[PDB]
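Analysis of the macromolecular model
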Amino acid sequence: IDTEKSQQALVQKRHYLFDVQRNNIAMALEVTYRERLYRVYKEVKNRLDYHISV
Amino acid sequence: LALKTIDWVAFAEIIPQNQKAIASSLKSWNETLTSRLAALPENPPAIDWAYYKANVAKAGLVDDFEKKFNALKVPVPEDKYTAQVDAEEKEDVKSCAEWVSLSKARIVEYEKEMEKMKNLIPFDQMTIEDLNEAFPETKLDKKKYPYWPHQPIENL
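Along chain B, the regular secondary structure elements total six helices and zero strands. Its helices and strands taken in sequence order, chain B reads α-α-α-α-α-α from the N to the C terminus. The C-alpha radius of gyration computed for chain B amounts to 37 Å, which surpasses the reference 15 Å derived for 156 residues by more than 25%, pointing to a less compact arrangement than a globule. Judged by the C-alpha coordinates and their principal axes, chain B covers about 120 × 30 × 25 Å.

Written as structure tokens, this is what we have:
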């Protein structure tokens, strides 16, 4: 009995795989967005200061 | 940005041995993705044009760069990948719950049988036929040894 009930507790714990990946899918799409933000921000700023530099 | 908090040893127990390497990859990327999110804020600091309105002598070029900026639509990346793992999650809980049902059946069987050994008639009033009913192993195989004492003499 004690072995079987241990397996059930474990089965109930199975859900941790799917949230992990879901976390990684969540963060990655957040990263590539913020990178896209800094990239666009930084580039346009560069063309600006170049005009200031020349 | 709502994440789900996660244990790591609890993560470890529920991985089969055939995909342990993938699990490590999900662990590494999870760590890295936390660091990269820590090392940058959410929005870039949009620079005031005052420093660039009064410091460029080029003919109105600062205006159309900034007009092109406020009217710029950066492509927000869409998911295209979490719906299909949610469906895989649903499918899993189905396979989980049906097994918990099966195991539950083996539990309730052990409870009845445990109770049977628990309420055993004391050994003094027990006929040997009652014992062989209790411990079906103690019976003597009248097929392999038909004649008395129904067992090899060594085991006697």
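The next subject is the interface of chain B and chain A. The interface is formed by 56 residues belonging to chain B together with 40 residues belonging to chain A. With both chains or domains summed, chain B and chain A bury close to 5000 Å², and 73% of this area falls on carbon and sulfur atoms. Remark: the boundary between chain B and chain A carries four salt bridges. The shortest N-O distance in the salt bridge between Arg-106 of chain B and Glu-4 of chain A comes to 2.4 Å. Scanning the region where chain B abuts chain A turns up 10 residue pairs in polar contact. Looking at the side of chain B that touches chain A, the elements that each hand over two or more residues are α1 (9–13), α2 (20–38), α3 (50–53), α4 (61–70) and α5 (83–118) of chain B. Looking at the side of chain B that touches chain A element by element, the count peaks at 15 residues for α5 of chain B.

Moving on, we get to empty space enclosed by the protein. Looking at the largest cavity, its volume works out to about 40 Å³. Elements with a minimum of two residues in the lining of the largest cavity: α2 (16–53) of chain A together with α4 of chain B. A per-class count over the lining of the largest cavity returns five nonpolar, one polar and no charged.

A separate point is a nonpolar patch on the surface. Residues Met-117, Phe-123 and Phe-135 of chain B make up a contiguous nonpolar surface patch of roughly 300 Å² in combined accessible area. Secondary-structure assignment places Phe-135 of chain B in the segment after α6 (128–134).

All names here are of chain A. Applying the stated rule across the entire model yields seven salt bridges over all chains. With a shortest N-O distance of 2.5 Å, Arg-34 and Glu-30 are connected by a salt bridge. On the criterion of helical spacing, the pair formed by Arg-34 and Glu-30 is a turn pair, its members being four residues apart in helix α2. Note on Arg-34: relative accessible area 8%, which makes it buried.

Rules behind the numbers
Residues numbered from 1 in each chain as written, not as in the entry; some residues may be left out. Chains lettered and ligands numbered in written order. Part of a larger assembly, values for the part shown. Heavy atoms only, no water. Residues with missing side-chain atoms left out of burial classes, pairs and counts. Helix = DSSP H or I, 4+ residues; strand = E, 2+ residues; numbered from the N terminus. Rg over C-alpha atoms; globule rule 2.2 N^0.38 Å. Contact = heavy atoms within 4.5 Å. Buried area = accessible area lost by both parts, 1.4 Å probe. Salt bridge = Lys/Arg side-chain N within 4 Å of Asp/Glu carboxyl O. Polar contact = N/O pair within 3.5 Å; in protein donor to acceptor, adjacent residues only side chain to side chain. 1 Å grid on protein atoms, 1.4 Å probe; cavity = no way out; pocket = protein on both sides within 12 Å on 5 of 7 lines; lining within 4 Å. Points joined across faces, edges and corners; volume = space filled by probe spheres on them. Nonpolar A, V, L, I, M, F, W, Y, C, P; charged D, E, K, R; others polar. Patch = residues over 30% accessible without salt bridge, like charges linked within 9 Å, V, L, I, M, F, W, Y side chains within 5 Å. Areas by Shrake-Rupley, 256 points an atom, 1.4 Å probe, with all protein chains shown as cover. Buried < 20%, exposed > 50% of the residue type's maximum accessible area, 1.4 Å probe, protein only.

Keep in mind that these numbers describe shape and distance, not what the molecule does.
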